[PDB]
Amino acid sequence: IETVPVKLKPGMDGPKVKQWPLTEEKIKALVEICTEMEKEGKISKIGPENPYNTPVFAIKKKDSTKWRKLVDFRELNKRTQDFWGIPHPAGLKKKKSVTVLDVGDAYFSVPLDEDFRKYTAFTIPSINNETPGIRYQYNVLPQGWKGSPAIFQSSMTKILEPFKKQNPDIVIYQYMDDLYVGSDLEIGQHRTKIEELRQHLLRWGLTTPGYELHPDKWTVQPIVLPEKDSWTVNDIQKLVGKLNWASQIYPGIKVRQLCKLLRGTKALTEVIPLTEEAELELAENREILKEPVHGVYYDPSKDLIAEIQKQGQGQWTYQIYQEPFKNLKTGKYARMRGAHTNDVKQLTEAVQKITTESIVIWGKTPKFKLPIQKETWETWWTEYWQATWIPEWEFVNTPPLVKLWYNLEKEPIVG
């Protein structure tokens, strides 16, 4: 078959990223998964003349009790020529339900340009280094590579045409190995309609393995300030401090009248009666805070940033934006049942959940700013990772005021 030539962006070279240590379990599985792929001619052993390398590891999807291979092609992707690919529909962000399907298997039936294969090199390590690693290189379109869906575009659209034309009411969006199907239909009709697509696809060779996404349950919550019968010097102080900060997002926020009440050296516990003016100032701030700041629009030609703060007691807040203080979306996240004592497990889930929304809403993974130590993250994140893609990320030190503010986000009266 025809192999469309692929090329690195100009002036770029292949990736030379070190493989991270893997546990016995994971190594055994990769060996198993790879010997099989070798026979099927999907991949081939390579020599030391090839200097490139991309890291690989193994995971097990939810419910899934079988190991799947995952390659960190982030570097190779960043360096792969762009394709002038697949458009994004403003529809599924609205649709009542969205289902995610793994059509990653499909690519293995397509061959990859001979001249590019060398860059896909990777290494299965060995315990305690008692043996040389086992070096492979792909012969067919690999999963997780951005070139993949771009080249298998023509073929996917075709395969899909029948179902699309029969259901112009249902939205289909492709991102990486994932296929997002969205419809406003009935849970029964939606799910069953999935299978129709699923089998339809299965009918070509690509086994396509709650679970429903419900865009429009992702409504941005407002900030709510506390209310008391009696206010103490400490209460005003904490408030004023929070407000003074928020003024970076809402300039109409004033705290001059409250500060007035804080003149003097009183005991932090002493109660203070509010003046009619400071009472009004407060009323106005609440008012101002009733809606997201005006004039914030998504700029496609700029990166999305996702900042996450550890609130405590299994709670996490996050904000997505392109410019500080002009949030496109925000929220909270409470730990999944079972993550009882694992901060990393939670954070990992949070990233996946957040990233998925980013895909549905904008069709772009956000760059993460994680409230965790590099060493800690790299050591354990793959132990709970379950998506086929991998967002970009950097590690940071959460400013005290940022989490004090978002901790204030409104919650349901009951549920």
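A residue's number is simply how far along the shown sequence it sits, counting from 1.
Missing coordinates between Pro209 and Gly210 amount to 10 or more residues of the deposited sequence. According to the record, the deposited sequence contains no missing residues between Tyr297 and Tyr298, so the chain is continuous there. Averaged over CA atoms, B-factors in the entry run higher in 402-410 than in the other of 389-397 and 402-410. Taking the PDB entry as given, 97-105 carries the higher mean Cα B factor of the two stretches 142-150 and 97-105. The PDB entry assigns the greatest CA B-factor among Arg198, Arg135, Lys310, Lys266 to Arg198. Among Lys26, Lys66, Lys42, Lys367, the highest C-alpha B-factor in the deposited entry belongs to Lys66. Ranked against the other modelled residues of its chain, the C-alpha B-factor of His190 as given in the entry falls in the highest third. The entry lists a Cα temperature factor for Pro111 that places it in the middle third of the chain's modelled residues. Among all modelled residues in its chain, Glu227 ranks in the highest third by Cα B-factor. The entry lists a Cα temperature factor for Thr131 that places it in the middle third of the chain's modelled residues. Sort the modelled residues of the chain by CA B factor and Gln248 lands in the middle third.
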